[PDB]
């Protein structure tokens, strides 16, 4: 719908593009025309996905404008140069898929970051520079099917809540520096594809490692 061109255009001005551009995002035109780079629409009527990939978006981003897209369900900002901590994605309540792979987002994500994002099914935070612990709110996402957080600078234990995530099918936390012992609940979980490799100090059930140093 044409009204949906307003928030997108505002968003377009809130980012620094260094490869290609978004000149096809013309204010006053329906972003569902087919002419807007990177827009997916549901039934060709209302904006439901935004894909601004490989545009060299750099610096900080703000996403607040995007809360005015009622049917926004997927955002993909893969392969840019974004840095800073996570913007206010939690204001996008209906979001089903959030993809941030291959940027330089940083810091430790505050534990309650995801609390307001109850519709998330897929979450890709991989190949960034996140540090500290895995936020506990990720484990409380009732719809989460896939989580990829591989290739960050994460430390600390993996929360056992992961084992009691009804819909979780893919959990990739490889190549971090996650610590301590792997919760049994995680190994117990039915048909879960997990990858905890390249976390040197992890021990226990999934990595198949006795915790006892025999030296």
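Numbering follows the first chain given and starts at 1.
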Practice prompt. Please work out which of 182-190 and 41-49 has the higher mean CA B-factor as recorded in the PDB entry.
Written response: 182-190
Fill in: 34, 163, 70, 156, ranked by C-alpha B-factor: the highest one
163
Discussion item. Can you tell me whether residue 198 has a C-alpha B-factor in the lowest, middle or highest third compared with the other modelled residues of the same chain?
Written reply: lowest
Item to complete: Grab the CA temperature factor for residue 148 from the record and place it in the lowest, middle or highest third of its chain.
Response: lowest
Worksheet item: residue 27's Cα B-factor: lowest, middle or highest third of the chain?
Response: highest
Response to the item:
On the chain's distribution of Cα B-factors, residue 167 falls within the third called highest
